[PDB]
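Form deposited in one PDB entry, single chain, as structure tokens, below.
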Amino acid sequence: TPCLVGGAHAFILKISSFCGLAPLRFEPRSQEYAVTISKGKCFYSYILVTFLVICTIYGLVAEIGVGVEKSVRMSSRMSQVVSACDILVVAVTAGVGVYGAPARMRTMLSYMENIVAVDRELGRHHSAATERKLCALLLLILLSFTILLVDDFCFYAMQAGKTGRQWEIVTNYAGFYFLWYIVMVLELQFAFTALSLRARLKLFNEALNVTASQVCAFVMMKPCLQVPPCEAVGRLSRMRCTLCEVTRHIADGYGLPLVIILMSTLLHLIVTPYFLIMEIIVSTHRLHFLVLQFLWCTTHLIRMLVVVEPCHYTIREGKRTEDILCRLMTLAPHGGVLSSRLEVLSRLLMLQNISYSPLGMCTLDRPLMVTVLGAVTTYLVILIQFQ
């Protein structure tokens, strides 16, 4: 029983397995999947990302070498720099995601066996309807992004068909669009890992609340409590320490990809609206281009949202536990042994909090999204008014 992953979190692992983002071996168990590191998939991931980055660099160099008048996507001087910056930031995100995948997956195996212990202690997990909805949402995001990628690729390939270099665009941007797909899969993988962790934290909060109600190794019954509240509070304190450790492991594993993703999102939310506005004020003459630019703006916003939303939900659960603990304290006999257990839990809550701080650069939550959007508007207002 190496890891025994399952649910919607295990669905993106299979999807990420073919993108180089989860070099694991999946052994069916008719209930879950026993995942372990495979060296063959690690080597495949390494060679795939290396080939994709090499092809992306070669296409970026070739499109520069085609020229300004001959090339369709990058037909200016700032256009060449903006296109190169977009291509390179996407390539760097994909390379960070795939080259760091096997170590990330070992860390995943560790905190996932920890989560298996916690889930055995708490008792079961969410219903199959919730995981089906989560799988549907992940598949919807992936398919929407893939459809956008295919549409944009076909549009730019058909635009160069007038010049006759239709296959040149394919050769120069196939790796770029593959790296886009890889980046999206990496974002979704992190988001669903964080969402499964937040589900565990929600179960912990429910168990603590049931300890509060005191209706009166399978700590929970379904709710109902199968142990005295004093024992339950200590077991839940240990479980919360385990959950904090798992959250820290996830943050350590995804900190560099998360920071690169945030930087890429800032860059794209600056550049895409800029040229979308530039195409509008000067002369449209292209409905498909404007549609694609709006869709890409929404795509970058959705990328930022799927990065920062599970962290916000985790922090919200970490505040709900404090509210529950305060209501716990106001109840129970004053000088009883339950009160001292709740005091230990209070010290735990004050000392450590379950949050995400990728690389220590910032905190992943809603205020970060406000700061990024405030900076994007500041840059856009400065840049647009110059033209």
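Don't overthink the numbering: it's just position in the shown sequence, from 1. Definition used throughout: the rigid core is the maximal C-alpha set that superposes within 1.5 Å between two forms.
Check: Unmodelled stretch from the deposited sequence between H285 and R286, which bin: none, 1 to 3, 4 to 9, 10 or more?
Finding: Nothing is missing.
Next item on the list: Might you work out how many residues are unmodelled in the deposited sequence between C216 and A217, and answer none, 1 to 3, 4 to 9, or 10 or more?
Entry: Missing in between: 10 or more residues.
Missing here is the form deposited in another entry; even so, the following discussion is about that form.
Item checked: Flagged residue of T284, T146, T130, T163 - C-alpha shift reaching 2 Å or more between this form and the one not shown, core superposed -> Comparing both forms, the shifted residue turns out to be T130.
Margin query: Quick check: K70 between this form and the one not shown - does its CA shift reach 2 Å or more after fitting the rigid core?
Written below: It does not reach a 2 Å shift.
Next item on the list: Classify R29 as shifted (yes) or not shifted (no) between this form and the one not shown, where shifted means its C-alpha moves by 2 Å or more with the rigid core superposed.
Entry: Result for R29: yes, a 2 Å-plus shift.
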